[PDB]
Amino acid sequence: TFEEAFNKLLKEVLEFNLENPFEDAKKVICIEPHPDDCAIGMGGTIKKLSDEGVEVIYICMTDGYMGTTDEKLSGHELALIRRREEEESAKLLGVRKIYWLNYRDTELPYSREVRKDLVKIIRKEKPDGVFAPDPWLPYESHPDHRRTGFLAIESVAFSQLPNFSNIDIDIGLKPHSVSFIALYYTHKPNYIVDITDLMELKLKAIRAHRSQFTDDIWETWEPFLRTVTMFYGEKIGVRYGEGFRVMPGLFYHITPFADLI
């Protein structure tokens, strides 16, 4: 039967588990489309990880240029404003190294050039685990978000190939095989992390981005963010959870039953 084969493939051939995927790890990259996405999607989990003495590094794809409705606030000023804010925010969470790709907000390319930037940082830092948005989240209308999710996944895979971006090799950045990928802002989580006793810090980590979260905007966003973490919290029977989708690496390619975990 298929069922026995599926069970055996997962337990005996792949050895993939969902009890804690995040355990073997002392270095991880958290990849974000915009300054503030790491905090919003997985702030809780970044602290929880900070404390185990996990080196948590960010890559931020874009500069946040466009994130204002203020006509006398230029894009260049805002980028500088949001750089501060993410440093303020990252300290609150225990992150101590941010890479800035500096692609303009709303103009993140979907290209080999961007994959190379991520490949270079991966091959350099050799993290055990990479986090990134789930690019298959229903109704996600931000291309910066979609593109981030796809390039993170492809870059993880390609970092392992020496014919991919072969100049890194020629200068002694060697192929690197990441251990796991964990996708946040996801509709299909299979691993939830409890953040009931870290919720308050996260909400604090998030309001540091003052440019994005004013008094008035925060009217809507506090409940929206309270609802979301409940949406996840309720899957494992706590108040506040953060959801991740973790799969076997094989399941990201030609796997007709990927949705069965």
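The numbering used is simple: start at 1 and walk along the sequence shown.
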Exercise for the section: Determine, for stretches 252-260 and 4-12, which one has the higher mean CA B-factor as deposited. Expected result: 4-12
Handout entry: Entry-level comparison of average CA B-factors, 203-211 and 64-72, reporting the higher stretch
Key = 203-211
Fill in the blank from the handout: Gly149: C-alpha B-factor third of its chain, per the entry, is the lowest
Problem - Chain-relative CA temperature factor third for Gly43 - result: middle
Practice task
Would you mind ranking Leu93 by its C-alpha B-factor against the rest of the chain and naming the third, lowest, middle or highest?
Solution key: highest
Practice task
Consider only the C-alpha atoms of the modelled residues in this chain, order them by B-factor as the entry records it, and name the third containing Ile59: lowest, middle or highest.
Solution key: lowest
